[PDB]
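# Survey of secondary and tertiary structure
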Amino acid sequence: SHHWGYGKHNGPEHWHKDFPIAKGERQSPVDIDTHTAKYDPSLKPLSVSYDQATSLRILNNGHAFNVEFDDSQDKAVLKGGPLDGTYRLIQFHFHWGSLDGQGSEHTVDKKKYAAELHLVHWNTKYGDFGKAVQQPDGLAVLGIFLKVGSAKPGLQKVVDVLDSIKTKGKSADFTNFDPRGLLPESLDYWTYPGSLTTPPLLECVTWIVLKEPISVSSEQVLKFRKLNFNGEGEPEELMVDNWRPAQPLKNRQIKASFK
Ligand SMILES: Nc1nc(Cl)nc2c1ncn2[C@@H]1O[C@H](COS(N)(=O)=O)[C@@H](O)[C@H]1O
Ligand code: NA
Ligand SMILES: [Zn+2]
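Residues numbered from 1 in each chain as written, not as in the entry; some residues may be left out. Chains lettered and ligands numbered in written order. Heavy atoms only, no water. Residues with missing side-chain atoms left out of burial classes, pairs and counts.

- The name that the PDB entry assigns to the chain is Carbonic anhydrase 2, with the source organism given as Homo sapiens.
- This entry carries the title "Carbonic anhydrase 2 in complex with 2-chloro-5'-O-sulfamoyladenosine".
- Its UniProt record gives the chain the following Subunit (literature references left out) comment, quoted word for word: "Interacts with SLC4A4. Interaction with SLC4A7 regulates SLC4A7 transporter activity. Interacts with SLC26A6 isoform 4 (via C-terminus cytoplasmic domain)." (UniProt positions renumbered as here; feature names shortened; annotations may be inferred.)

Here is the structure:
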C-alpha cells in the first residue's frame, strides 16, 4: 500500500518513485500563461447541468475531503465546451494552503490562489469511473479558483460539517447539498489535456479551469485549515498545503473559450 502525501518526506517530489507517470508528457497542474493561451472560436458552449444532483456523504480521506454524489444515473452532468459526450459528477474536493498566498494547483501567470475546487466527472461512454481513468478522455475536472474576500454562502454548509470529519477516515452524511452554489457567475474557461493531480497521476483528464474565481471568507478557509491529515488519536498534522505545484507543459496547448 502507498504512503504518499504532501510533506517533505512523502510529497510531490517523491511521487515519481511509486508512480513514474509523475514525469509524463501530460501531467497536471500547469501554469496558465494568459498571453500564450489561444482563443478557440470552435469550442462549443459549456453546459453545467447540476439541477438533479444528489450529494450523499463527505469523507476525510487523509489528503483532502471529498463530497460524494450519486453517479448511478445522469443526475448531475457536464457537457459541451471541449467535451464529446456526457460526463457524470462523482465528487468534489479542494486543494488549499497554509496561508492565503498559496493553495491552488493551477496558477494564472504564476499567480497562486488561496484554494482550488475540483468537480470530478467521468465519461459515461466508459461505464464506470475505474474504466474511465484508463482512457485519455475518461475524466473532465472543472477547476475553480478561490480567493479570500467576501463569504461564499453556498460553501457554508460544507464548512460547518468539517468539525465532524476532522481526521482521516471520518465521514458524515451530506445530503441535499447543491453544488451550483459553488460556481462563479461566468463560465469562461481555459482547457488543456492533463492528469489527476494526486497519485495515481493518470493521464485521463480534460481540464476545464474557470477564469473567474469565487470569493470565500478568511473564516471559511481558516476552517479548512483545522482539518487533519492524521487519523483519530494520532499527533495532529494540520491538513494544509495539499496542492501539487505546476508541472511542465511539454507539447500542449491551453485553449481559451473567451477573447
Ligand atoms: N487510487 C485511485 N484510483 C483512482 Cl482510479 N482514482 C483515484 C485514486 N485516488 C484518487 N483518485 C481520484 O483522483 C482525484 C484526484 O485528482 S484531481 N486533483 O481531481 O486531479 C481524487 O479526488 C479521486 O477522484
Ligand atoms: Na465569483
Ligand atoms: Zn483535485
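On we go.
## Points about the pattern of salt bridges
- Within the structure shown, the criterion is met by eight salt bridges.
- Put simply, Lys 255 and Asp 40 hold a salt bridge, and the shortest N to O gap is 3.8 Å. In this pair, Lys 255 is assigned in strand β15 (residues 255-256) and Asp 40 in the loop between β2 (38-39) and β3 (46-49), connecting sequence segments 215 residues apart.
- Among the residues examined, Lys 255 registers a relative accessible area of 36% and is labelled partly exposed.
- Bridged by salt links that share partners, the residues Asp 51, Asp 178 and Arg 180 form one connected network. (Salt bridge = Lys/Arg side-chain N within 4 Å of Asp/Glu carboxyl O. Helix = DSSP H or I, 4+ residues; strand = E, 2+ residues; numbered from the N terminus. Buried < 20%, exposed > 50% of the residue type's maximum accessible area, 1.4 Å probe, protein only.)

## Comments concerning the UniProt feature "binding site: substrate" in the chain
- Following the UniProt record, one finds the feature "binding site: substrate" at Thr 197 and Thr 198.
- With near-sequence residues (within four places) excluded, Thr 197 lies in contact with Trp 15, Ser 28, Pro 29, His 95, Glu 105, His 118, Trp 207 and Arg 244.
- Among the polar contacts listed, one links the side chain of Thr 197 to the side chain of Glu 105, at a separation of 2.6 Å.
- Within the secondary structure, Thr 198 sits in the loop between β12 (189-194) and β13 (205-210).
- On the accessibility criterion, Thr 198 (22% relative accessible area) is partly exposed. (Contact = heavy atoms within 4.5 Å. Polar contact = N/O pair within 3.5 Å; in protein donor to acceptor, adjacent residues only side chain to side chain.)

## Topic: the site of ligand 1
- Contacts to ligand 1 come from 13 residues, most closely from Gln 91, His 93, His 95, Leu 196 and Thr 197.
- Within the side chain of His 95, an N or O atom sits 3.2 Å from a nitrogen atom of ligand 1.
- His 118 places a side-chain nitrogen or oxygen 3.3 Å from a nitrogen atom of ligand 1.
- Surface burial for ligand 1 is 73%, taken as the share of its 530 Å² of free accessible area covered by protein chains.
- Those elements that place two or more of their residues in the shell around ligand 1 are β7 (87-96) and β9 (115-123).
- No other element matches β7, which puts three residues into the shell around ligand 1.
- Residues belonging to the shell around ligand 1 are distributed by class as follows: seven nonpolar, six polar and no charged. (Near = heavy atom within 4 Å. Areas by Shrake-Rupley, 256 points an atom, 1.4 Å probe, with all protein chains shown as cover. Nonpolar A, V, L, I, M, F, W, Y, C, P; charged D, E, K, R; others polar.)

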